[PDB]
Amino acid sequence: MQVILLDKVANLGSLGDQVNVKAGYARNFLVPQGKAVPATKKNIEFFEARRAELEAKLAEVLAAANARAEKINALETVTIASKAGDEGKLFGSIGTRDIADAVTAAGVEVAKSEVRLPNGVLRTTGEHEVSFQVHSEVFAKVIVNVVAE
RNA sequence: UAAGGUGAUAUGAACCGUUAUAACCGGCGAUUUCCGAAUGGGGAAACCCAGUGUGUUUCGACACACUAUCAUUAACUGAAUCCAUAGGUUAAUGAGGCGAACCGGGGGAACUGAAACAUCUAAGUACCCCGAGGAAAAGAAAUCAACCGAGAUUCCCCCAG
RNA sequence: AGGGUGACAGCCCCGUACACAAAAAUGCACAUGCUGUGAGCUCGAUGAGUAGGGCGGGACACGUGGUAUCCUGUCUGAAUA
RNA sequence: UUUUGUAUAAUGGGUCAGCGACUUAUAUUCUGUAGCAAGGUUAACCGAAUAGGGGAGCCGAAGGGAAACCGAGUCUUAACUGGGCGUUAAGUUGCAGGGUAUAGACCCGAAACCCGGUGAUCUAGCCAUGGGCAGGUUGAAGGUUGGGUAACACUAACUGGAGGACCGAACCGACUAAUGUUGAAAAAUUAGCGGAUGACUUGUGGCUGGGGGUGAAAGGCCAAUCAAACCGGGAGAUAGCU
RNA sequence: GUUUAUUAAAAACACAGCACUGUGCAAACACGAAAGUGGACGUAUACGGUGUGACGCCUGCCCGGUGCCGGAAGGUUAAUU
RNA sequence: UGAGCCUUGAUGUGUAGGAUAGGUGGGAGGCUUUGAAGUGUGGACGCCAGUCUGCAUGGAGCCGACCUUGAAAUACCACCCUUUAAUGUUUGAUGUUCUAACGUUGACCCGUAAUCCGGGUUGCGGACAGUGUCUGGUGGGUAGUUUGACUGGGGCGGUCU
RNA sequence: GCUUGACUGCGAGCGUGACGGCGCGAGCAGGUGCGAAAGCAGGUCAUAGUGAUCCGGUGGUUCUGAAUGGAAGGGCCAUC
Ligand SMILES: [Mg+2]
Ligand SMILES: [Mg+2]
Ligand SMILES: [Mg+2]
Ligand SMILES: [Mg+2]
Ligand SMILES: [Mg+2]
Ligand SMILES: [Mg+2]
Ligand SMILES: [Mg+2]
Ligand SMILES: [Mg+2]
Ligand SMILES: [Mg+2]
Ligand SMILES: [Mg+2]
Ligand SMILES: [Mg+2]
Ligand SMILES: [Mg+2]
Ligand SMILES: [Mg+2]
Ligand SMILES: [Mg+2]
Ligand SMILES: [Mg+2]
Ligand SMILES: [Mg+2]
Ligand SMILES: [Mg+2]
Ligand SMILES: [Mg+2]
Ligand SMILES: [Mg+2]
Ligand SMILES: [Mg+2]
Ligand SMILES: [Mg+2]
Ligand SMILES: [Mg+2]
Ligand SMILES: [Mg+2]
Ligand SMILES: [Mg+2]
Ligand SMILES: [Mg+2]
Ligand SMILES: [Mg+2]
Ligand SMILES: [Mg+2]
Ligand SMILES: [Mg+2]
Ligand SMILES: [Mg+2]
Ligand SMILES: [Mg+2]
Ligand SMILES: [Mg+2]
Ligand SMILES: [Mg+2]
Ligand SMILES: [Mg+2]
Ligand SMILES: [Mg+2]
Ligand SMILES: [Mg+2]
Ligand SMILES: [Mg+2]
Ligand SMILES: [Mg+2]
Ligand SMILES: [Mg+2]
Ligand SMILES: [Mg+2]
Ligand SMILES: [Mg+2]
């Protein structure tokens with residue numbers, strides 16, 4: 001009886017080694033005590049599906065993991081404004097909370113559920129990113145100029 | 001359909017009817033005790049004894065109906081033992097037994113004949129058993145043929161003692 | 001035809017030949033209505049513990065014989081247009 | 001009737017009447033008869049149904065040889081002077097008949113073998129549940145008391161009531177004789193006889209089924225049947241016999 | 001005590017006792033294709049089979065034959081291969 | 001304790017010789033810091049000459065055309081005849097151990113108000129036992145049968161061409 | 001003394017048997033032996049010394065050969 005081993009049997013094989021086992025050994029021990037299952041040339045592809053499918057979903061991720069490290073040295077230059085003053089002390093505003101104010105003039109109608117948003121809340125007069133509020137995804141522009149009096 | 005009828009041995013009695021519910025004949029209904037597969041349980045067949053549920057101008061008790069077994073299915077329930085399964089309750093469907101022969105299948109003699117007898121014969125007969133049907137079975141070539149060809153099965157006549 | 005009728009009846013009676021008959025039920029046939037089953041064309045597929053084998057038996061007219069073929073109780077066991 | 005042979009005192013028949021035994025089917029051969037004739041004839045079937053169709057086939061016209069093969073010849077043999085079988089001889093289909101074959105095969109008739117059922121209301125054994133044994137005898141163990149024993153033992157009397165115990169009715173049986181023998185009775189009667197608290201007997205019900213049962217064993221009993229029950233079937237077994 | 005119901009009641013059968021043998025329990029053995037049942041709700045002081053047949057004195061020699069028991073060296077020896 | 005087997009490792013004195021020459025092709029040097037040569041030595045072979053090989057120390061050396069010889073190097077390779085070493089593995093035998101088939105007419109639990117059965121748990125046996133097919137033996141336990149004729153009856157005896 | 005006629009194929013005609021069969025047999029062909037030759041020889045002076053068939057075995061024989069070629073098997077002759 002040709003069986004495929006579901007686990008290491010000592011004197012036979014190792015997690016798939018199709019061996020010729022006496023039918024009583026398989027019928028009464030290896031199959032009920034789940035060390036094996038018979039080699040029907042469907043189980044040679046159905047639980048060697050763990051040999052086939054769980055291996056076959058690794059060759060394309062091996063190729064898809066090559067196109068992810070392709071966009072690495074593209075940008076490599078960012079407008080960094082937190083100057084290393086008298087020998088490099090951190091006080092400024094670069095990362096992980098909130099930048100809004102002055103580039104709200106940025107296209108055609110959006111909502112406030114699409115902004116990605118690092119620390120500098122822009123109490124330093126500059127131009128940073130807002131989403132102005134109606135619609136789901138598209139970018140938005142609305143400019144007003146307060147006439148002083 | 002009718003002028004005659006109330007089956008027979010089998011008269012008589014008491015009646016029915018005669019121009020259309022007398023009787024007679026036929027179709028479709030209806031009633032159809034008890035036993036018997038007998039099926040509510042039992043049983044020495046035609047008897048005994050229940051249970052549940054419905055109803056009943058006397059509350060002494062009555063009337064009706066249902067209640068077998070197996071299979072299949074489904075629903076609800078539910079062990080050892082977590083799920084689960086077994087199991088259990090109900091409901092629905094079907095079966096059950098009988099019957100002459102023919103039919104298919106499962107089993108299968110001996111007398112006898114061989115001028116004895118064992119191989120052989122009788123004979124896959126008789127008989128037992130299961131199952132089915134109006135017929136059953138068989139049946140659409142993994143068949144024959146003989147280099148030509150035929151073209152499922154079954155039955156009859158030959159081939160041929 | 002046949003059966004009766006006081007002995008043998010074509011013409012006495014019942015019948016017979018022939019021609020008619022159905023409220024109702026029901027069958028075998030045709031057409032049709034409904035609900036089931038899916039024809040026709042294309043590429044494909046083509047029945048494995050099986051065929052075959054060993055042992056034992058049975059069936060084939062054929063008694064194991066030089067005995068093909070079929071069935072299979074037992075042990076085995078292919079090929080796949 | 002059977003026999004060498006029967007008045008035979010060998011068989012059979014009381015008599016009458018009625019019934020009672022060489023058949024039928026299909027094949028084969030011979031005879032007769034009819035038809036056709038080197039041809040004869042169809043079978044199933046179709047059907048215009050005893051017609052007609054249908055010639056599938058069958059027999060015949062050629063044999064010889066194991067056969068291939070040859071062919072009025074052939075085989076034998078290396079081959080025949082030869083020898084064997086053949087050639088010089090009309091068959092065929094009906095009808096009728098004589099025989100043969102297969103079938104029950106002229107009729108009757110076994111003992112028996114096999115298959116499937118029915119039977120333990122008789123009997124045999126067992127199981128369960130109930131009943132029966134008048135009356136009279138015998139007097140075991142044990143017990144009590146007294147004696148006796150160092151104590152046991154042992155012993156006498158009284159008691160006690162054992163036993164496939166004794167005598168003997170019911171009850172169960174059946175040793176002898178006679179009767180009876182077409183009986184009163186398909187096993188009894190009569191006079192006697194054995195057992196009679198037991199391995200007893202009996203009632204009711206139950207179980208064991210035929211090569212099986214049961215058997216204190218006789219091949220005994222299993223429904224008046226037993227060296228293989230009864231009933232039905234195979235079955236008209238077979239019968240060189242009467 | 002039992003027996004040939006229906007020609008034999010006996011010296012026959014049985015019997016207590018004796019012996020041999022088997023049987024370790026899912027016992028041997030028996031009825032059963034089998035399940036199972038009896039043996040036995042018993043367990044070797046038990047059960048089955050065989051023979052002998054109270055009791056008393058006894059039961060002698062023969063293992064070549066046949067059987068049974070045990071042995072397993074070698075010889076021969078089946079299916080199978 | 002018996003045999004097979006891919007693959008590699010090892011078995012080969014006519015004499016010519018520095019001495020343990022099966023053969024053809026492939027060739028001018030292979031092996032040696034994942035370790036050389038000169039020594040000791042384990043278990044084998046042995047024509048007694050020395051080869052094969054394990055292990056330890058060792059640290060820069062063993063081996064050619066050779067002079068000879070029908071054949072010239074285990075200098076690297078490749079195929080393969082004679083020879084015997086070794087496993088994975090192949091099937092053989094006996095014994096031991098195991099458990100997971102199988103058995104349980106052991107215990108407990110549930111089905112289940114059940115000494116049946118089944119399931120479960122566990123223990124004990126355990127690849128035995130037991131059963132099927134095949135097979136030799138035994139087998140009046142049972143069955144079917146045979147066991148001649150002549151014959152001054154039959155049998156005994158004799159005879160049978 | 002020499003030899004294999006204890007030949008092969010046949011066989012007119014006879015004898016004897018219910019039959020199966022058994023027996024006698026001149027002569028013909030072929031090929032042998034002995035004899036100078038005529039001739040003789042197909043076992044032994046004769047009459048006993050034997051066993052049907054079936055089933056098979058051996059050898060020979062392209063007789064047959066289940067589509068065809070072969071073979072198996074069968075037949076024929078010899079023989080067990
Ligand atoms: Mg009832
Ligand atoms: Mg009832
Ligand atoms: Mg006979
Ligand atoms: Mg026979
Ligand atoms: Mg063609
Ligand atoms: Mg075939
Ligand atoms: Mg076979
Ligand atoms: Mg055959
Ligand atoms: Mg006389
Ligand atoms: Mg006279
Ligand atoms: Mg007189
Ligand atoms: Mg007389
Ligand atoms: Mg007289
Ligand atoms: Mg008389
Ligand atoms: Mg008369
Ligand atoms: Mg007989
Ligand atoms: Mg019988
Ligand atoms: Mg019967
Ligand atoms: Mg009695
Ligand atoms: Mg007494
Ligand atoms: Mg009286
Ligand atoms: Mg008296
Ligand atoms: Mg008395
Ligand atoms: Mg006697
Ligand atoms: Mg009687
Ligand atoms: Mg008899
Ligand atoms: Mg009958
Ligand atoms: Mg008769
Ligand atoms: Mg007495
Ligand atoms: Mg008597
Ligand atoms: Mg008497
Ligand atoms: Mg005695
Ligand atoms: Mg003695
Ligand atoms: Mg012995
Ligand atoms: Mg006998
Ligand atoms: Mg005689
Ligand atoms: Mg002489
Ligand atoms: Mg051929
Ligand atoms: Mg052929
Ligand atoms: Mg031949």
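Labels below follow one simple rule: chain letters A, B, ... track the order of the sequence lines, proteins then strands, and each chain is numbered from 1. Note that these values count all heavy atoms, side chains included, but never hydrogens, waters or copies made by symmetry.
Nucleotide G27(G) is annotated as paired to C10(G) [Watson-Crick or G-U wobble, both distances under 3.5 Å]. For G15(G) with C22(G), the Watson-Crick or G-U wobble criterion holds, each of the two distances under 3.5 Å.
Between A218(D) and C129(B), the distance separating the two P atoms is 43 Å to the nearest Å. Comparing the same atom, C1', in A186(D) and in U214(D) gives a spacing of 27 Å after rounding to whole Å. Annotation: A40(E) and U197(D) have their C1' atoms spaced 32 Å apart (nearest Å). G88(F) and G118(F) have their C1' atoms separated by 48 Å, with the value rounded to a whole Å. Comparing the P positions of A30(E) and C166(D) gives an interatomic distance of 42 Å, to the nearest angstrom.
Judged by ring centres under 5.5 angstrom and plane angles under 30°, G109(D) does not stack onto its neighbour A110(D).
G111(F) shows a glycosidic angle more than 90° from 0 and is accordingly assigned anti. Glycosidic torsion of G12(F) falls outside 90° of 0, placing the base in anti.
Using a 4.5 Å heavy-atom cutoff, the side chains of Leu30(A) and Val21(A) are in contact.
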Which atoms of nucleotides 100-102 of chain F (N or O only) lie under 3.5 Å from a protein N or O atom, and what are those distances?
| from | atom 1 | to | atom 2 | distance (Å) |
| --- | --- | --- | --- | --- |
| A101(F) | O2' | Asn28(A) | ND2 | 3.4 |

Please produce a list of atom pairs where a protein N or O lies less than 3.5 Å from an N or O of nucleotides 75-78 of chain C.
none

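For residues 17-42 of chain A, every residue pair satisfying the side chain to side chain donor-acceptor pair (under 3.5 Å) rule, not counting sequence neighbours, is listed here: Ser14(A)-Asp17(A), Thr40(A)-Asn43(A).
Shown here is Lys8(A), whose NZ atom has more than 12 heavy atoms of other residues, nucleotides or ligands within 6.0 Å.
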